[PDB]
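Note sheet for the following structure.
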Amino acid sequence: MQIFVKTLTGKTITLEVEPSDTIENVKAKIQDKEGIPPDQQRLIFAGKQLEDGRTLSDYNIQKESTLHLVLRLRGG
Amino acid sequence: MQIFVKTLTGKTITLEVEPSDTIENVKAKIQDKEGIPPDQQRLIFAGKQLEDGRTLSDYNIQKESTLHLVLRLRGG
Amino acid sequence: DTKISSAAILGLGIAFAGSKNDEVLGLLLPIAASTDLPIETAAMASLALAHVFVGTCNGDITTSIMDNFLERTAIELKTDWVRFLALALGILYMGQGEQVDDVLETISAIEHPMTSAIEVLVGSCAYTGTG
């Protein structure tokens, strides 16, 4: 499955994953592509954070899906 | 314990929770009332934002407490 | 070389000027709603957002713009910006109905940083809201 990942700027990335792929796995493919560490990532879709462990099948994330990549951050 | 949940939009929901109720549990009760997914629920109190896990007895949230709930961006 | 950004946000603002599409608030929101973002584009972006949707409005916009206000920690550096945050968040409203009243209540719901200065500015000037 060919999915797209739009950055919080414009640049996009095409990851060749599948429906039985786990989010964590996807983040891994992103780290190998760019260089950002998982712990420093946050996939959002339809205005909602995608928890880890789950798969692209749970969110019904089909092909040509533009995932909104963001960088989470602690607070207080 | 009867508590009130004031949403930024404009509404006040009343729930019957207990001091031994976990924030996550509260968010669930709300989802059943309206339909706003848990993840998309930012509860705030006299202190600050309540994290998912602790209980209403940790933040010293007594009865008749108005929790400022904010929607974290739309969510399909 | 921090400057190309100003050229971007500028064009965009003039791009979807009169159209009210979906890709606008789609990416603009996060830029100033996601989770703590460089006051460099955060503020600017926000401005443009209101600039276009200066007329109409909605809750999602507020609920969001608010989420950021909280993720705004003076961890970056010392600089004046209350001029923008106030402006936008200001014109953002114009109707009536203890609307702005609730907003201020939120700012209080959390801690109490320098923002307090704003609590007075707005808290002071506003439509009748006594008993």
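Each residue, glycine too, has its Cβ placed from N, Cα and C.
In Swiss-Prot this protein carries:
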CROSSLNK  B:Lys6  ubiquitin cross-link
CROSSLNK  B:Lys11  ubiquitin cross-link
CROSSLNK  B:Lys27  ubiquitin cross-link
CROSSLNK  B:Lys29  ubiquitin cross-link
CROSSLNK  B:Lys33  ubiquitin cross-link
CROSSLNK  B:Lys48  ubiquitin cross-link
CROSSLNK  B:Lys63  ubiquitin cross-link
DOMAIN    B:1-76  domain 'Ubiquitin-like'
MOD_RES   B:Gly76  ADP-ribosylglycine
SITE      B:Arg54  site 'Interacts with activating enzyme'
SITE      B:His68  site 'Essential for function'
SITE      B:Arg72  site 'Interacts with activating enzyme'
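Structure with Swiss-Prot features highlighted.
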{"residue": "B:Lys6", "record": "ubiquitin cross-link", "CB count, 10 Å": "18"}
{"residue": "B:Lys11", "record": "ubiquitin cross-link", "CB count, 10 Å": "10"}
{"residue": "B:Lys27", "record": "ubiquitin cross-link", "CB count, 10 Å": "20"}
{"residue": "B:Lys29", "record": "ubiquitin cross-link", "CB count, 10 Å": "16"}
{"residue": "B:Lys33", "record": "ubiquitin cross-link", "CB count, 10 Å": "12"}
{"residue": "B:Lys48", "record": "ubiquitin cross-link", "CB count, 10 Å": "15"}
{"residue": "B:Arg54", "record": "site 'Interacts with activating enzyme'", "CB count, 10 Å": "12"}
{"residue": "B:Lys63", "record": "ubiquitin cross-link", "CB count, 10 Å": "11"}
{"residue": "B:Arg72", "record": "site 'Interacts with activating enzyme'", "CB count, 10 Å": "19"}
{"residue": "B:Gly76", "record": "ADP-ribosylglycine", "CB count, 10 Å": "9"}
Rounded to the nearest angstrom, how far is the Cα of B:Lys48 (ubiquitin cross-link) from the Cα of B:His68 (site 'Essential for function')?
10
By CA distance, which of the recorded sites (B:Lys6, B:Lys27, B:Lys29, B:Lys33, B:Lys63) lies nearest to B:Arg54 (site 'Interacts with activating enzyme')?
B:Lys27
Given the recorded sites B:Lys6, B:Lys11, B:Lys27, B:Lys29, B:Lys48, tell me which ones have a C-alpha lying within 10 Å of the C-alpha of B:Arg72 (site 'Interacts with activating enzyme').
none
Measure the Cβ-based neighbour count of B:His68 (site 'Essential for function'), defined as the other Cβ atoms within 10 Å of its Cβ.
21
Can you check what DSSP calls B:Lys6 (ubiquitin cross-link), collapsed to helix, strand or coil?
strand
To the nearest whole angstrom, what is the C-alpha distance linking B:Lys48 (ubiquitin cross-link) and B:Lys6 (ubiquitin cross-link)?
15
Nearest by Cα to B:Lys11 (ubiquitin cross-link), of the recorded positions B:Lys27, B:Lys29, B:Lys33, B:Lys63, B:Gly76, is B:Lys33
According to DSSP, does B:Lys29 (ubiquitin cross-link) sit in a helix, a strand, or coil?
helix
The recorded positions listed are B:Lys6, B:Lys63, B:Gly76; by CA-CA distance, the one closest to B:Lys29 (ubiquitin cross-link) is B:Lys6
What three-state secondary structure does DSSP assign to B:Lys11 (ubiquitin cross-link)?
strand
